[PDB]
Every structure is written in structure tokens, then in C-alpha cells.
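K.L.:
Provided herewith: work_25.pdb, PDB, C-alpha atoms.
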ATOM      1  CA  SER A   1     102.554  85.597  96.401  1.00  0.00           C
ATOM      2  CA  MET A   2     100.253  84.282  99.128  1.00  0.00           C
ATOM      3  CA  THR A   3      98.196  81.627  97.339  1.00  0.00           C
ATOM      4  CA  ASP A   4     100.003  78.488  98.516  1.00  0.00           C
ATOM      5  CA  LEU A   5      99.132  79.371 102.106  1.00  0.00           C
ATOM      6  CA  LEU A   6      96.197  81.780 102.144  1.00  0.00           C
ATOM      7  CA  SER A   7      93.094  80.834 100.183  1.00  0.00           C
ATOM      8  CA  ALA A   8      93.821  82.350  96.767  1.00  0.00           C
ATOM      9  CA  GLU A   9      90.124  82.503  95.935  1.00  0.00           C
ATOM     10  CA  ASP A  10      89.119  84.106  99.241  1.00  0.00           C
ATOM     11  CA  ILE A  11      91.630  86.916  98.900  1.00  0.00           C
ATOM     12  CA  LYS A  12      90.353  87.505  95.382  1.00  0.00           C
ATOM     13  CA  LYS A  13      86.703  87.805  96.427  1.00  0.00           C
ATOM     14  CA  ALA A  14      87.273  89.474  99.774  1.00  0.00           C
ATOM     15  CA  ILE A  15      89.575  92.025  98.170  1.00  0.00           C
ATOM     16  CA  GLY A  16      87.574  92.839  95.038  1.00  0.00           C
ATOM     17  CA  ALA A  17      84.147  92.295  96.620  1.00  0.00           C
ATOM     18  CA  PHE A  18      84.444  95.030  99.251  1.00  0.00           C
ATOM     19  CA  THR A  19      85.123  98.534  97.945  1.00  0.00           C
ATOM     20  CA  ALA A  20      83.511 100.559 100.744  1.00  0.00           C
ATOM     21  CA  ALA A  21      82.752  97.867 103.340  1.00  0.00           C
ATOM     22  CA  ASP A  22      86.353  96.784 103.818  1.00  0.00           C
ATOM     23  CA  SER A  23      87.143 100.446 103.275  1.00  0.00           C
ATOM     24  CA  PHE A  24      85.752 100.881 106.791  1.00  0.00           C
ATOM     25  CA  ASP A  25      86.967  97.744 108.576  1.00  0.00           C
ATOM     26  CA  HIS A  26      89.116  95.079 106.915  1.00  0.00           C
ATOM     27  CA  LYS A  27      88.580  92.925 110.023  1.00  0.00           C
ATOM     28  CA  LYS A  28      85.535  91.359 108.401  1.00  0.00           C
ATOM     29  CA  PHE A  29      87.534  91.183 105.201  1.00  0.00           C
ATOM     30  CA  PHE A  30      90.155  89.371 107.271  1.00  0.00           C
ATOM     31  CA  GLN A  31      87.588  86.594 107.498  1.00  0.00           C
ATOM     32  CA  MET A  32      86.448  86.688 103.864  1.00  0.00           C
ATOM     33  CA  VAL A  33      90.022  87.037 102.617  1.00  0.00           C
ATOM     34  CA  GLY A  34      90.800  83.705 104.224  1.00  0.00           C
ATOM     35  CA  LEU A  35      93.536  84.963 106.543  1.00  0.00           C
ATOM     36  CA  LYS A  36      91.934  83.025 109.359  1.00  0.00           C
ATOM     37  CA  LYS A  37      91.582  79.938 107.142  1.00  0.00           C
ATOM     38  CA  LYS A  38      95.201  79.267 108.086  1.00  0.00           C
ATOM     39  CA  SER A  39      97.377  79.867 111.148  1.00  0.00           C
ATOM     40  CA  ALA A  40      99.505  82.883 112.072  1.00  0.00           C
ATOM     41  CA  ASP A  41     102.469  81.195 110.390  1.00  0.00           C
ATOM     42  CA  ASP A  42     100.660  80.849 107.057  1.00  0.00           C
ATOM     43  CA  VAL A  43      99.361  84.431 107.112  1.00  0.00           C
ATOM     44  CA  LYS A  44     102.789  85.570 108.298  1.00  0.00           C
ATOM     45  CA  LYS A  45     104.228  84.138 105.089  1.00  0.00           C
ATOM     46  CA  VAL A  46     102.890  87.240 103.387  1.00  0.00           C
ATOM     47  CA  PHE A  47     104.122  89.382 106.267  1.00  0.00           C
ATOM     48  CA  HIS A  48     107.642  88.609 105.101  1.00  0.00           C
ATOM     49  CA  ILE A  49     106.546  89.589 101.610  1.00  0.00           C
ATOM     50  CA  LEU A  50     105.072  92.888 102.720  1.00  0.00           C
ATOM     51  CA  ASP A  51     107.191  93.492 105.842  1.00  0.00           C
ATOM     52  CA  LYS A  52     110.451  93.263 103.890  1.00  0.00           C
ATOM     53  CA  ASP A  53     112.033  96.574 104.965  1.00  0.00           C
ATOM     54  CA  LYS A  54     109.631  97.447 107.783  1.00  0.00           C
ATOM     55  CA  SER A  55     112.192  96.242 110.357  1.00  0.00           C
ATOM     56  CA  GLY A  56     109.784  93.637 111.722  1.00  0.00           C
ATOM     57  CA  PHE A  57     106.707  95.875 111.714  1.00  0.00           C
ATOM     58  CA  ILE A  58     104.741  98.373 109.654  1.00  0.00           C
ATOM     59  CA  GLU A  59     103.553 101.731 110.870  1.00  0.00           C
ATOM     60  CA  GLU A  60      99.861 102.596 110.799  1.00  0.00           C
ATOM     61  CA  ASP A  61     100.857 105.584 108.671  1.00  0.00           C
ATOM     62  CA  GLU A  62     102.736 103.580 106.051  1.00  0.00           C
ATOM     63  CA  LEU A  63     100.379 100.655 106.653  1.00  0.00           C
ATOM     64  CA  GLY A  64      98.192 102.277 104.047  1.00  0.00           C
ATOM     65  CA  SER A  65     101.000 101.838 101.555  1.00  0.00           C
ATOM     66  CA  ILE A  66     102.139  98.304 102.291  1.00  0.00           C
ATOM     67  CA  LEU A  67      98.415  97.483 102.174  1.00  0.00           C
ATOM     68  CA  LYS A  68      98.414  97.092  98.401  1.00  0.00           C
ATOM     69  CA  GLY A  69     100.536  93.957  98.921  1.00  0.00           C
ATOM     70  CA  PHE A  70      97.316  91.975  99.218  1.00  0.00           C
ATOM     71  CA  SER A  71      94.893  94.836  98.590  1.00  0.00           C
ATOM     72  CA  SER A  72      96.660  95.710  95.308  1.00  0.00           C
ATOM     73  CA  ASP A  73      93.303  94.794  93.732  1.00  0.00           C
ATOM     74  CA  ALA A  74      91.256  96.762  96.284  1.00  0.00           C
ATOM     75  CA  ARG A  75      91.652 100.032  98.210  1.00  0.00           C
ATOM     76  CA  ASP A  76      94.230 100.885 100.887  1.00  0.00           C
ATOM     77  CA  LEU A  77      94.274 101.613 104.633  1.00  0.00           C
ATOM     78  CA  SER A  78      92.455 104.912 105.117  1.00  0.00           C
ATOM     79  CA  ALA A  79      91.914 106.968 108.272  1.00  0.00           C
ATOM     80  CA  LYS A  80      89.158 104.568 109.281  1.00  0.00           C
ATOM     81  CA  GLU A  81      91.233 101.418 108.690  1.00  0.00           C
ATOM     82  CA  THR A  82      94.429 102.897 110.096  1.00  0.00           C
ATOM     83  CA  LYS A  83      92.559 103.391 113.347  1.00  0.00           C
ATOM     84  CA  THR A  84      90.203 100.453 112.691  1.00  0.00           C
ATOM     85  CA  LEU A  85      92.213  97.733 110.956  1.00  0.00           C
ATOM     86  CA  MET A  86      95.713  98.647 112.093  1.00  0.00           C
ATOM     87  CA  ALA A  87      94.686  99.554 115.641  1.00  0.00           C
ATOM     88  CA  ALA A  88      92.566  96.383 115.704  1.00  0.00           C
ATOM     89  CA  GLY A  89      94.947  93.851 114.147  1.00  0.00           C
ATOM     90  CA  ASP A  90      97.665  95.305 116.360  1.00  0.00           C
ATOM     91  CA  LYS A  91      95.493  94.513 119.424  1.00  0.00           C
ATOM     92  CA  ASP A  92      98.575  95.043 121.586  1.00  0.00           C
ATOM     93  CA  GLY A  93      97.934  98.735 120.883  1.00  0.00           C
ATOM     94  CA  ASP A  94     101.280  99.709 119.396  1.00  0.00           C
ATOM     95  CA  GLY A  95      99.927 101.615 116.393  1.00  0.00           C
ATOM     96  CA  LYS A  96     101.913  99.219 114.251  1.00  0.00           C
ATOM     97  CA  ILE A  97     101.956  95.586 113.124  1.00  0.00           C
ATOM     98  CA  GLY A  98     105.002  93.364 113.418  1.00  0.00           C
ATOM     99  CA  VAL A  99     105.757  89.662 113.224  1.00  0.00           C
ATOM    100  CA  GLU A 100     104.421  89.410 116.784  1.00  0.00           C
ATOM    101  CA  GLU A 101     101.129  91.267 116.290  1.00  0.00           C
ATOM    102  CA  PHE A 102     100.546  89.839 112.797  1.00  0.00           C
ATOM    103  CA  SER A 103      99.602  86.682 114.679  1.00  0.00           C
ATOM    104  CA  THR A 104      97.250  88.595 116.956  1.00  0.00           C
ATOM    105  CA  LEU A 105      95.377  90.132 114.009  1.00  0.00           C
ATOM    106  CA  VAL A 106      94.362  86.543 113.279  1.00  0.00           C
ATOM    107  CA  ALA A 107      92.694  86.370 116.677  1.00  0.00           C
ATOM    108  CA  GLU A 108      91.173  89.829 116.234  1.00  0.00           C
ATOM    109  CA  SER A 109      88.838  89.374 113.280  1.00  0.00           C
TER     110      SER A 109
END
Can the structure in the file be given as C-alpha cells, please?
P.N.:
Amino acid sequence: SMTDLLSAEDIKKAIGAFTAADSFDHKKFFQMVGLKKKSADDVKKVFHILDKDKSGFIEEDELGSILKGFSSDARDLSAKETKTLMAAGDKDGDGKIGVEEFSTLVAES
């Protein structure tokens, strides 16, 4: 889980409070979820949870799957988010998010 690091409450509200909004851009959700509340290391703690067999990074395509890790209560990465959230979080512009970019996504939102 990611409650000891990331604000457990935030993730609960941010995830279940935005059905369509976050559906467009989770960036804002990134703020409400409380991912910024901590540092890249803290947020990364979940990255190890979700990025278990992603070889260090998840692909925008599969990103919509791994999404449920946190979003299991909300929706997943759709066309909009793949291009919006993945392409954003992965500011480096690699179409994917790895241990390196997962820190950048914190600076994004």
C-alpha cells in the first residue's frame, strides 16, 4: 500500500472524487491525491509496488493497466491521460514512466 508515505486520505478523495475530471488529466489529481505532499522517494515507494515487472518503467499503453494500482477505486489511463498524464508525468518525453521520470511527474503537476 501507499498510505505510510502518500496521504492516505488525499488518494481516497482525489481518486474517488474525480470520475471525469481526472479522466481527462490526472495531473491535477496528482495534487489532490497528495503525491506532491511528499518527495519523489515517497511517491516512488508505490512505483516499486506498481512498477514490479515493468523493468524500471511502464509503457503509456500498459500505463492504463498499472493505473489501477492507485486508481483501483477510480478509472484508468485513457487516450486522453495516456497522452495527457503519461506524456506529462514523463516530461522527458519517452512515452513511458520509469524510476527516473516518476520523480519528474512530481515536478509536473
K.L.:
Using only C-alpha atoms, which residue out of A:46, A:79, A:2, A:74 lies closest to residue 29 in chain A?
P.N.:
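Residue with the minimum atom-to-atom distance to residue 29 in chain A: A:74.
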K.L.:
How big is the axis-aligned box around the listed atoms of range 28-34 of chain A once 8 Å is added on each side, and where is its centre? Give both in Å to one decimal, as lines of an AutoDock Vina configuration file.
P.N.:
center_x = 88.2
center_y = 87.5
center_z = 105.5
size_x = 21.3
size_y = 23.7
size_z = 21.8
K.L.:
Which polymer residues have any atom within 10 Å of an atom of range 56-62 of chain A, counting all atoms listed in the file, with same-chain residues fewer than 3 positions away left out, as number ranges by chain?
P.N.:
A: 47-48, 50-53, 65-67, 77-79, 81-83, 85-87, 90, 94-102
K.L.:
Keeping C-alpha atoms for every residue in the selection just given, could you write it to a file as a PDB file, in the coordinates of the input?
P.N.:
ATOM      1  CA  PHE A  47     104.122  89.382 106.267  1.00  0.00           C
ATOM      2  CA  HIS A  48     107.642  88.609 105.101  1.00  0.00           C
ATOM      3  CA  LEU A  50     105.072  92.888 102.720  1.00  0.00           C
ATOM      4  CA  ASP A  51     107.191  93.492 105.842  1.00  0.00           C
ATOM      5  CA  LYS A  52     110.451  93.263 103.890  1.00  0.00           C
ATOM      6  CA  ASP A  53     112.033  96.574 104.965  1.00  0.00           C
ATOM      7  CA  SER A  65     101.000 101.838 101.555  1.00  0.00           C
ATOM      8  CA  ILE A  66     102.139  98.304 102.291  1.00  0.00           C
ATOM      9  CA  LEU A  67      98.415  97.483 102.174  1.00  0.00           C
ATOM     10  CA  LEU A  77      94.274 101.613 104.633  1.00  0.00           C
ATOM     11  CA  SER A  78      92.455 104.912 105.117  1.00  0.00           C
ATOM     12  CA  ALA A  79      91.914 106.968 108.272  1.00  0.00           C
ATOM     13  CA  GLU A  81      91.233 101.418 108.690  1.00  0.00           C
ATOM     14  CA  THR A  82      94.429 102.897 110.096  1.00  0.00           C
ATOM     15  CA  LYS A  83      92.559 103.391 113.347  1.00  0.00           C
ATOM     16  CA  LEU A  85      92.213  97.733 110.956  1.00  0.00           C
ATOM     17  CA  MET A  86      95.713  98.647 112.093  1.00  0.00           C
ATOM     18  CA  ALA A  87      94.686  99.554 115.641  1.00  0.00           C
ATOM     19  CA  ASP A  90      97.665  95.305 116.360  1.00  0.00           C
ATOM     20  CA  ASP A  94     101.280  99.709 119.396  1.00  0.00           C
ATOM     21  CA  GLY A  95      99.927 101.615 116.393  1.00  0.00           C
ATOM     22  CA  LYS A  96     101.913  99.219 114.251  1.00  0.00           C
ATOM     23  CA  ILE A  97     101.956  95.586 113.124  1.00  0.00           C
ATOM     24  CA  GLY A  98     105.002  93.364 113.418  1.00  0.00           C
ATOM     25  CA  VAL A  99     105.757  89.662 113.224  1.00  0.00           C
ATOM     26  CA  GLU A 100     104.421  89.410 116.784  1.00  0.00           C
ATOM     27  CA  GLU A 101     101.129  91.267 116.290  1.00  0.00           C
ATOM     28  CA  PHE A 102     100.546  89.839 112.797  1.00  0.00           C
TER      29      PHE A 102
END
K.L.:
For the PyMOL selection byres ((chain A and resi 10) around 10), applied here, can you spell out every residue it catches as a list in words?
P.N.:
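For this structure, the PyMOL selection byres ((chain A and resi 10) around 10) resolves to residues 3, 6, 7, 8, 9, 11, 12, 13, 14, 15, 16, 17, 29, 30, 31, 32, 33, 34, 35 and 37 of chain A.
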K.L.:
Now that the selection is made, can you save its residues with C-alpha atoms as a compact mmCIF listing (two decimals), in the coordinates of the input?
P.N.:
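For reference, again14.txt as written:
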# COMPACT_ATOMS: atom_id res chain seq x y z
CA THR A 3 98.20 81.63 97.34
CA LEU A 6 96.20 81.78 102.14
CA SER A 7 93.09 80.83 100.18
CA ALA A 8 93.82 82.35 96.77
CA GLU A 9 90.12 82.50 95.94
CA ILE A 11 91.63 86.92 98.90
CA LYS A 12 90.35 87.50 95.38
CA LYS A 13 86.70 87.80 96.43
CA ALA A 14 87.27 89.47 99.77
CA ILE A 15 89.58 92.02 98.17
CA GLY A 16 87.57 92.84 95.04
CA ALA A 17 84.15 92.30 96.62
CA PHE A 29 87.53 91.18 105.20
CA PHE A 30 90.16 89.37 107.27
CA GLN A 31 87.59 86.59 107.50
CA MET A 32 86.45 86.69 103.86
CA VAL A 33 90.02 87.04 102.62
CA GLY A 34 90.80 83.70 104.22
CA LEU A 35 93.54 84.96 106.54
CA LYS A 37 91.58 79.94 107.14
K.L.:
Between CA of residue 84 in chain A and CA of residue 23 in chain A, what is the distance, to one decimal in Å?
P.N.:
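Spanning CA of residue 84 in chain A to CA of residue 23 in chain A is a straight-line distance of 9.9 Å.
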